[PDB]
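Coming up is one lone chain in structure tokens, specifically the form deposited in one PDB entry.
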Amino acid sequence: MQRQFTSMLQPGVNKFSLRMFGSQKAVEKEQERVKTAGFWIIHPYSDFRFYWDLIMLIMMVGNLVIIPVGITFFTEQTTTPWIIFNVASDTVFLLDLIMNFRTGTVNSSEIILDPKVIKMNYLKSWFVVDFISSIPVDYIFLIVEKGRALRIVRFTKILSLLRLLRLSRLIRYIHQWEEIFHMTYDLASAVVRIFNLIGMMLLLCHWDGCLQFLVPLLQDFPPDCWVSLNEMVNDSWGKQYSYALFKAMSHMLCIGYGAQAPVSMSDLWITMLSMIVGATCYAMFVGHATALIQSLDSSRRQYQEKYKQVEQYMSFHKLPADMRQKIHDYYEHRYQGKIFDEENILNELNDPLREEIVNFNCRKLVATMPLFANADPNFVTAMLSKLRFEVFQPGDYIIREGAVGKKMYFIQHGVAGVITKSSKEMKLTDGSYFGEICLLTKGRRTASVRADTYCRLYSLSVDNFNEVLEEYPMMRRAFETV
């Protein structure tokens, strides 16, 4: 399985990939480009790359949690298990760094050129930090020293703590992957952002906790510091760590100090720093929360806003209370607490989708009418698109006796009433339709129609009907029969 590896290195055909590039042909074309250099180049959007980054993340998170703690609360830093772990981690990071040269960079089209583009762009931006993070600097220093001891040890811990610069790399990895996920799974951005922030906060809190003890460790546990003053120098490491974290955490969430307000200058300064870091983090969190909340009820909010405009309009015109109430009722019936521009949405969609939607809505309404049963399907489709949805309140005249009816109505739904002088009253319900006589007559409507309950009609204007006919002359002729 030597070619398999190569294949993996190329960008695979996934849901994401298609969205990014297009069709499978496009993907293939991209792959061809990649295939110019053999075993030296890795495509950023590839599956192998993804796997590698996942691995890194798994390692990286652990390492970030571990490293500082290891440095602080374990005195014997030269013990076997620790050292082996460190070495392996370093190796992994070196490998990652190496990969980064071979990996392509997203911009615009992705640059797959190795010797000039990948090497120079990486070396001019992020390389140095990565290099620092990956390598075991402290160990190197120790080796150099080998080829005052307490002082050296103290120095070394600080050097080791340069391995926290992997965090930048981690962040970078996260960002790209999040972007990819957005393209793929349609994740809620707000949710993602807040989650990221939470993680960051946790990490920062941990670091602060470590640091608070770390400085004392560095300074040899002086008599006027928080570790010596609480009398927990020789206590179990875990307990100490917990205490430190608590101290840090309070500063993060604005609760208070540890045992006592700082005495030594250094300690005080550290506390202040933590507070600053804590405070800003909390602010950011609050902001994120606010954003999330706004996102969550957004549609609803929009509806309310829209309604407020109507209210304002009413106020401007100084309408009677009854009128206002009626309008409110209409709005409730008409839109059902929702906000959407129907027409705009339809425009945004393609034709087939639109047609499908219309069929779902109105095919049952128009098919029940005997005029459209014998007609051709295309004609029906054409008609249906034209139809315009309407609502009427109870005790409202839809059509009137003697007034010229510009449009005909199909009752999808609702309790209507046919007001006629000659024929008494024939109440109409869902499925019925009217204004049919006044289509090709081009005159005044005979009888009246009043809404008994709330109604949901589909209006069809005479002009629109004429337009529709314009395409189907045979159909028009047929209609003209009776």
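Just count from 1 along the sequence shown to find any residue number. Under this definition, the rigid core comprises the largest set of C-alpha atoms superposing within 1.5 Å between the forms.
Unmodelled residues of the deposited sequence between neighbouring positions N107 and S108 number 1 to 3.
Although not depicted, the form deposited in another entry is the subject of the following passage.
Just one of the listed positions, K308, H175, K124, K116, moves its Cα by at least 2 Å between the shown form and the other one when the rigid core is held fixed, and it is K116. The rigid-core alignment places the CA of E32 less than 2 Å apart between the shown form and the other one.
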